[PDB]
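# Structural characterization, general
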Amino acid sequence: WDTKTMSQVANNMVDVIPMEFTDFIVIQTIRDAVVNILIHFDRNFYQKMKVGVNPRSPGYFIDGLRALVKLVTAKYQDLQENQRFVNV
Amino acid sequence: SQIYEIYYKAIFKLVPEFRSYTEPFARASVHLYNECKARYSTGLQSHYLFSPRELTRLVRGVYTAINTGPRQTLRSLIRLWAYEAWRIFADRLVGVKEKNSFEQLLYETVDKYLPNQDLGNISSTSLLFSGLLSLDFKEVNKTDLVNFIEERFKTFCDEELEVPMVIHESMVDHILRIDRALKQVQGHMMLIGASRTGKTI
Amino acid sequence: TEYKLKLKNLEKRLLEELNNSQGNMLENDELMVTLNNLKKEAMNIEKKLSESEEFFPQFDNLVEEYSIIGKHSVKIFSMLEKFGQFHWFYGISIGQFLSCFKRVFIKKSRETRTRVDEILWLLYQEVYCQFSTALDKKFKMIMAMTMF
Amino acid sequence: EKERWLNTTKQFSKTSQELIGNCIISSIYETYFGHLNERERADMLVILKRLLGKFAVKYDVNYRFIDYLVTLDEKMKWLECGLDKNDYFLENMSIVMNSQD
């Protein structure tokens, strides 16, 4: 999967926007920074761990993205619940 | 070159206005071939194996795209030849270095035998020929194909197996390749998707 | 984690008790002692965090000497595992290695007596003493030379 | 004095801006770290943490995957069913149980 294609898929995955706040170091979008982190980690993972004459291709990337969405939604819900409790 | 010039003559009975361009198209097709077998040999990959059968496939693809295509201008003809040359020679290539090598080789061949300034981006991502949208096999716009694929993929996801995925730039070109493969009579094709690329889907 | 769970529990108890006992008087001092006990049980979390800010770096500094020990331990175990590879009787497990490594401190306790260096060398000595018996003279001397 | 204890309201905002990087670390664990050794996991953890540091993303400094994603009740249930003491085995069990898409 070409890095451009990976970024396209990651951008269409995090179209849900539970997150907020700035990019301290200048595109300059939050989700773009997150997907760049994920892409670089996928590349470094395939570079460091797996031994072999370059046969494999990113499959952990998709599952990681989906699990990240799931977990972020759960965490936003729980955090709002806690904040509401303490506010009342 | 002589045999395939005769082939190009025989297929250019559908567009006699370019009867003078029957020879340069053959030589170029041969020159491309002569280079494609030289640069990409069995030393690089086990499947870099070319033959006159590829030239026959190229002529056949040119004829198939003309016989069910609108009136072809010189630009349309050379871009059609380029599309089929890509689909026959370069789809089997591996890595990126070698794909750019073939792209520049196509540019060199065209510059050698077809002197024209009407060319655009000859890369496989810019020229797209599909019989899906148009009634005929015609070069269409990018955004048109993207929207068409999205709207058809929604229904394909609702009727058949439910699978969410992201339509990206490479998916369109690969879908076009699979379409031109499944359209011809004796359609057979093997995909080397390492995994999760969704060759199956 | 336990005091955080109990903190949420006590917050919920207090809140649910405030809806009913708002009209009661003399409840003042009772809720006073309640929330004061809560104040102390929360300053307990504060204390544990404060001492954690001092404890975690000590841990991250102590890990290095014991990793210096662990490298040698795992290489000796790899040697003994290759012994097991060569012949079927020289097999060796992790449990025996860990037991032999524990025996070293019992010996020092009885002795009553740079600590890292001495304990590493005691590891070597005890490994030789314990695992020399299940080998034949050839491999006895092989292990001796290799561990030296 | 309880009016004073209300300051966790201001602490919330600081605790929130880091949940993004924390969920990043957790998803990367769940997906990749399943088939990695202790040393391998530590090394890839350091790599991911420095990638998060080079980017403008907050993440919890005192971060423990186990404490972050497992609840105390499940952490008790697993051990009660016979899971080993190794933090490595706890991480493995948590990966097995939590995500099951």
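Residues numbered from 1 in each chain as written, not as in the entry; some residues may be left out. Chains lettered and ligands numbered in written order. Part of a larger assembly, values for the part shown. Heavy atoms only, no water.

Structure determination for this entry, per the PDB record, employed X-ray crystallography and reached 4.50 Å resolution.

## So, the overall build of chain A
Each helix and strand counted, chain A has three helices and zero strands in total. Helices and strands in chain A line up, N terminus first, as α-α-α. Its C-alpha atoms give chain A a radius of gyration of 16 Å, clearly above 12 Å, the size a compact globule of 88 residues would have. For chain A, the spread of C-alpha atoms along the three principal axes comes to 60 × 25 × 20 Å. (Helix = DSSP H or I, 4+ residues; strand = E, 2+ residues; numbered from the N terminus. Rg over C-alpha atoms; globule rule 2.2 N^0.38 Å.)

## Brief notes about the pattern of salt bridges
Counted by the stated rule, this structure contains 21 salt bridges over all chains. For B:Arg57, the salt bridge identified is with B:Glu54, shortest N-O distance 3.1 Å. Placement of the pair is B:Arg57 and B:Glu54 together in helix α3 (residues 52–67), with a separation of three residues, close to one helical turn. On the accessibility criterion, B:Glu54 (4% relative accessible area) is buried. The salt bridge involving C:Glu126 is made with C:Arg103; its shortest N-O contact spans 2.5 Å. Among the charged side chains, a network of salt bridges with common partners joins B:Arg87, B:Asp91, B:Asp173 and B:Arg177. (Salt bridge = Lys/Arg side-chain N within 4 Å of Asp/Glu carboxyl O. Buried < 20%, exposed > 50% of the residue type's maximum accessible area, 1.4 Å probe, protein only.)

## Regarding a nonpolar patch on the surface
On the surface, a nonpolar cluster with roughly 450 Å² of combined accessible area is contributed by B:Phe156, B:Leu161, B:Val163, B:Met165 and B:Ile201. On the secondary structure map, B:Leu161 appears in the loop between α6 (142–159) and α7 (169–183). (Patch = residues over 30% accessible without salt bridge, like charges linked within 9 Å, V, L, I, M, F, W, Y side chains within 5 Å. Areas by Shrake-Rupley, 256 points an atom, 1.4 Å probe, with all protein chains shown as cover.)

## Observations concerning the packing of helix α2 (residues 22–39) of chain B against helix α4 (residues 74–90) of chain B
All names here are of chain B. α4 packs onto α2 with a crossing angle of 30° between their chain directions and a minimal axis gap of 12 Å. The orientation of α2 with respect to α4, classified from their angle, is roughly parallel. The element α2 and its partner α4 pack so that their crossing is right-handed. Taking contact as the criterion, the partners of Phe25, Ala28, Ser29, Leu32, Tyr33 and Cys36 in α2 are, on α4, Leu77, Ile78, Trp81, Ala85 and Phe89. Residues that form the contact of α2 with α4 fall into these classes: 10 nonpolar, one polar and no charged. (Axes fitted to C-alpha atoms, helices over the stretch in contact; angles between N-to-C directions. Parallel < 35°, antiparallel > 145°, perpendicular 65-115°, else oblique. Left-handed = near helix turned anticlockwise from the far one by under 90°. Contact = heavy atoms within 4.5 Å. Nonpolar A, V, L, I, M, F, W, Y, C, P; charged D, E, K, R; others polar.)

## Here's the deal with empty space enclosed by the protein
In this approach a probe as big as a water molecule rolls over the atoms, and the regions it shows empty are the leftover space. All names here are of chain A. Of the pockets and cavities examined, the largest cavity occupies roughly 120 Å³. Lining the largest cavity we find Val14, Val16, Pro18, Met19, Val34, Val35, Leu38, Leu65, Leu68, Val69, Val72 and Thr73. Where the lining of the largest cavity is concerned, the elements lending two or more residues are α2 (30–48) and α3 (60–87). Within the lining of the largest cavity, the residues separate by chemical class into 11 nonpolar, one polar and no charged. (1 Å grid on protein atoms, 1.4 Å probe; cavity = no way out; pocket = protein on both sides within 12 Å on 5 of 7 lines; lining within 4 Å. Points joined across faces, edges and corners; volume = space filled by probe spheres on them.)

## Topic: the interface of chain B and chain A
Taken together, the eight residues of chain B in the interface contact 13 residues of chain A. Summing both partners gives a buried area of about 910 Å² for chain B against chain A, and 63% of it is carried by carbon and sulfur. Counting the surface chain B buries against chain A, the share from its top three residues, B:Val166, B:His168 and B:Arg196, is 58%. Summed over the shared surface of chain B and chain A, the result is one salt bridge. B:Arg196 is the salt-bridge partner of A:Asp63, the closest N and O atoms lying 3.6 Å from each other. (Buried area = accessible area lost by both parts, 1.4 Å probe.)

## Description of the side chain of B:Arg87
Residues and elements named next belong to chain B. As for its position among the elements, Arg87 is in helix α4. Here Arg87 falls in the buried class, since its relative accessible area comes to 5%. Polar contacts involving the side chain of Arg87 include one to the side chain of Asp173, which spans 2.9 Å. In this structure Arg87 touches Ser124, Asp173, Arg177 and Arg180, once residues within four positions along its chain are discounted. (Polar contact = N/O pair within 3.5 Å; in protein donor to acceptor, adjacent residues only side chain to side chain.)

## Side note on a negative patch on the surface
Residue and element names in this part refer to chain C. Judged by side-chain charge, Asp60, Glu64, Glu65 and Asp117 come together as a negatively charged surface patch. Counting residues per element, the negative patch draws most heavily on helix α2 (residues 27–86), which supplies three residues. Positionally, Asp117 belongs in helix α4 (residues 115–131). Residue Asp117 is classed as exposed on the basis of its relative accessible area, which comes to 52%. (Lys, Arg positive; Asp, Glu negative; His and termini not counted. Charge placed at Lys NZ, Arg CZ, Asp CG, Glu CD.)

## Some points on the environment of A:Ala10
Residues and elements named next belong to chain A. Along the chain, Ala10 turns up in helix α1 (residues 3–13). Residues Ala10 and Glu20, spaced 10 residues apart in sequence, show a C-alpha to C-alpha distance of 18 Å. Ignoring anything within four residues of it in the chain, the contact list for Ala10 reads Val35, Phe61 and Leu65.

## Considerations on α7(B)
In this model, α7(B) (15 residues) spans 22 Å end to end at C-alpha, consistent with the 21 Å of a helix rising 1.5 Å per residue. Those residues of α7(B) that sit buried are B:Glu169, B:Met171, B:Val172, B:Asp173, B:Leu176, B:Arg177, B:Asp179, B:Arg180 and B:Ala181. Buried positions along α7(B) lie against α1 of chain A together with α4, β1 (129–130) and α6 of chain B. (Expected span 1.5 Å × (residues − 1).)

## Quick word on the arrangement of the chains
The chain pair with the greatest number of contacts, out of four pairs of chains in contact, is formed by chains A and D. Contact between chain B and chain C is absent, and the least distance between their C-alpha atoms amounts to 36 Å. A minimum C-alpha distance of 13 Å separates chain B and chain D, which share no contact.

## What about the interface of chain D and chain A?
Contact residues are listed per partner, giving 30 residues for chain D and 33 residues for chain A. Of the roughly 3000 Å² buried between chain D and chain A on both sides combined, carbon and sulfur atoms contribute 77%. Where chain D meets chain A, there are zero salt bridges. Put simply, chain D and chain A have five residue pairs in polar contact between them. Per-element tally for the side of chain D that touches chain A: the top contributor is helix α3 (residues 19–32) of chain D, with 10 residues. For the side of chain D that touches chain A, a count of residues per class yields 19 nonpolar, eight polar and three charged.

## Brief notes about the nonpolar core
Residues B:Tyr8, B:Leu32, B:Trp81, B:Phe89, B:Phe102 and B:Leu106 are the most contacted members of the largest nonpolar core, which totals 52 residues. If near-sequence neighbours (up to four positions away) are discounted, B:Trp81 is found in contact with B:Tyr8, B:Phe25, B:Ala28, B:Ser29, B:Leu32, B:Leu58, B:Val62, B:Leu106, B:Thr109 and B:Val110. Within the second largest apolar cluster, 47 residues are counted, among which are A:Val14, D:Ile28, D:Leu36 and D:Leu52. (Core = buried A, V, L, I, M, F, W, Y, C linked by side-chain atoms within 4.5 Å.)

## Concerning unusual backbone geometry
With a phi close to 50°, A:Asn54 is a non-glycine residue in the positive phi region. Here A:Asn54 lies in the loop between α2 and α3. Assessed through its relative accessible area of 70%, A:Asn54 is described here as exposed. Positive phi, close to 60°, is recorded for C:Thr112, a residue that is not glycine. Note that C:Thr112 resides in the loop between α3 (94–111) and α4.

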